[PDB]
Amino acid sequence: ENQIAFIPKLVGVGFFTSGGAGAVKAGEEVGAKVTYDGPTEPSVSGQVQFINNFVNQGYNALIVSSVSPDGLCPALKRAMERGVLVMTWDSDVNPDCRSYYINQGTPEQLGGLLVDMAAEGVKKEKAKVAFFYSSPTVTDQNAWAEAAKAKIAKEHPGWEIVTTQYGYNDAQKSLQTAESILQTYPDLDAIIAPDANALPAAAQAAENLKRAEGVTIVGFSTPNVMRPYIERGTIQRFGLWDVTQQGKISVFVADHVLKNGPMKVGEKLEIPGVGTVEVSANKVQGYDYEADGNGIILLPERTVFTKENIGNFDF
Ligand SMILES: C[C@@]1(O)OC[C@H](O)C1(O)O
């Protein structure tokens, strides 16, 4: 059977654990050997070492959520020149460095979701807002944050973005950053935290400092991590998408391409228990690059979690 590596930014974070579980399950469904493995720290070096290991083992495909737009390119290009299928999921690399990106949404959809969620709680024309996510280099979150900032400048001209700070996919660093944000900005109105670790850290610090009544806190994380904060009312809402299914889609697409050849832009793949996915042009993500057998496969939906529906999810 095909050997397929599914690599997160780092392990030990619910988002990535859940994605990997979907990938591993799909392997069993589709008849492929799927290995979920990755570094304990979100480093370029760590990801490159795992990439090199799977390539050296003669794996047929790898699907990675990248901590960097370009840092993985040499390793991934080495992979592709040896006939290894290279794909990304969650966070992309430069399009000439992979084939397909299994993508939860466009920067506009996701940036727009962040802003809309924040706007629901701010309900004030003049406001002070902080951005808080993993790192200034990571592909996905910076794309979304840039799109969100652009929307804020246009839709909410009275909002002042007072700071952008980073938690580095780390509970302790994120906790310190969140407490620092709150203490520096006593009149802060919102925190937009598009990162699985940053969001719960912001919620926690707000509870620690009794700041939750005044700061609207939104972002992207998993239900199992955010549950306590939603149930207590510390935050009202946050977003994500079906990351388990995202992992499944990645594996099915990989296995299809291995068995049947490259998909082209416009082409569709039927996936049992999922539906139909389609290859979009890189243009949908804002890239200026196209090539045969290269593109972006968008997830069907994003979800907003509140106390009303969080009980319906377990990941
Ligand atoms: C869930 C999330 O926002 O945080 C970590 C992942 O890479 C993500 O999708 O960016």
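Residues numbered from 1 in each chain as written, not as in the entry; some residues may be left out. Heavy atoms only, no water.

Per the deposition metadata, X-ray crystallography was the technique used to determine this entry, at a resolution of 1.800 Å.

Next up on the list: the site of the ligand. By nearness alone, 14 residues border the ligand, and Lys9, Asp90, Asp140, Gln141 and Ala196 come closest of all. Contact between the ligand and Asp90: an oxygen atom at 2.6 Å from a side-chain N or O atom of the residue. Between an oxygen atom of the ligand and a side-chain N or O atom of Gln141, the distance comes to 3.0 Å. For the ligand, the protein covers 100% of the area, taking 270 Å² as the surface of the free molecule. Comparing atom positions with the cavity grids shows the ligand to sit within the largest cavity. Elements that contribute at least two residues to the shell around the ligand include exactly helix 1 (14–30) and helix 5 (139–155). The element best represented in the shell around the ligand is helix 5, accounting for 3 residues. In terms of residue class, the shell around the ligand is built from 8 nonpolar, 2 polar and 4 charged. (Near = heavy atom within 4 Å. Polar contact = N/O pair within 3.5 Å; in protein donor to acceptor, adjacent residues only side chain to side chain. Areas by Shrake-Rupley, 256 points an atom, 1.4 Å probe, with all protein chains shown as cover. 1 Å grid on protein atoms, 1.4 Å probe; cavity = no way out; pocket = protein on both sides within 12 Å on 5 of 7 lines; lining within 4 Å. Sits in = over half its atoms within 2 Å of the grid points. Helix = DSSP H or I, 4+ residues; strand = E, 2+ residues; numbered from the N terminus. Nonpolar A, V, L, I, M, F, W, Y, C, P; charged D, E, K, R; others polar.)

Attention now goes to the layout of surface pockets. Of the pockets and cavities examined, the largest pocket occupies roughly 240 Å³. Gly121, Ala212, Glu213, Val215 and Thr216 are the residues nearest the centre of the largest pocket, which is lined by 17 residues in total. For the lining of the largest pocket, the secondary structure elements donating two or more residues are helix 4 (107–122) and strand 9 (216–219). Here the residues of the lining of the largest pocket sort into 6 nonpolar, 6 polar and 5 charged. In this structure, the second largest pocket encloses a volume near 200 Å³. Taken together, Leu10, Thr40, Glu41, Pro42, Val67, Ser135, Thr137, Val138, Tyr168, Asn169, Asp170 and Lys173 form the lining of the second largest pocket. Along the lines of polarity and charge, the residues of the lining of the second largest pocket split into 5 nonpolar, 4 polar and 3 charged. Counting residues domain by domain, the lining of the second largest pocket receives three or more from each of domain 1 (1–103 + 242–299) and domain 2 (104–241 + 300–315). (Points joined across faces, edges and corners; volume = space filled by probe spheres on them. Domains from an automatic or database assignment.)

A few words on the packing of helix 4 against helix 5. Running from N to C, helix 4 and helix 5 cross one another at 60°; their axes reach a closest spacing of 8 Å. When the axes of helix 4 and helix 5 are compared, the pair comes out oblique. Like other packed secondary-structure pairs, helix 4 and helix 5 cross with a definite hand, here right-handed. Counting all contacts with helix 4, which are made through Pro107, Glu108, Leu110, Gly111, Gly112, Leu114, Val115 and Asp116, the residues of helix 5 involved are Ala143, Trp144, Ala147, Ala148, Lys151, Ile152 and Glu155. Broken down by class, the residue content of the contact of helix 4 with helix 5 amounts to 9 nonpolar, 2 polar and 4 charged. (Axes fitted to C-alpha atoms, helices over the stretch in contact; angles between N-to-C directions. Parallel < 35°, antiparallel > 145°, perpendicular 65-115°, else oblique. Left-handed = near helix turned anticlockwise from the far one by under 90°. Contact = heavy atoms within 4.5 Å.)

Here we take up helix 3 (residues 73–81). Buried residues of helix 3: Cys73, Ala75, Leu76 and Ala79, and no others. Seen end-on, helix 3 carries its buried residues on one side only, within an arc spanning 165°. For helix 3, the secondary structure elements touched by its buried residues are helix 2 (44–56), strand 3 (61–64) and strand 4 (85–89). Positioned one or two residues after helix 3, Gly83 has a phi angle of 85°, which is positive. (Buried < 20%, exposed > 50% of the residue type's maximum accessible area, 1.4 Å probe, protein only. Arc of directions from axis to C-beta.)

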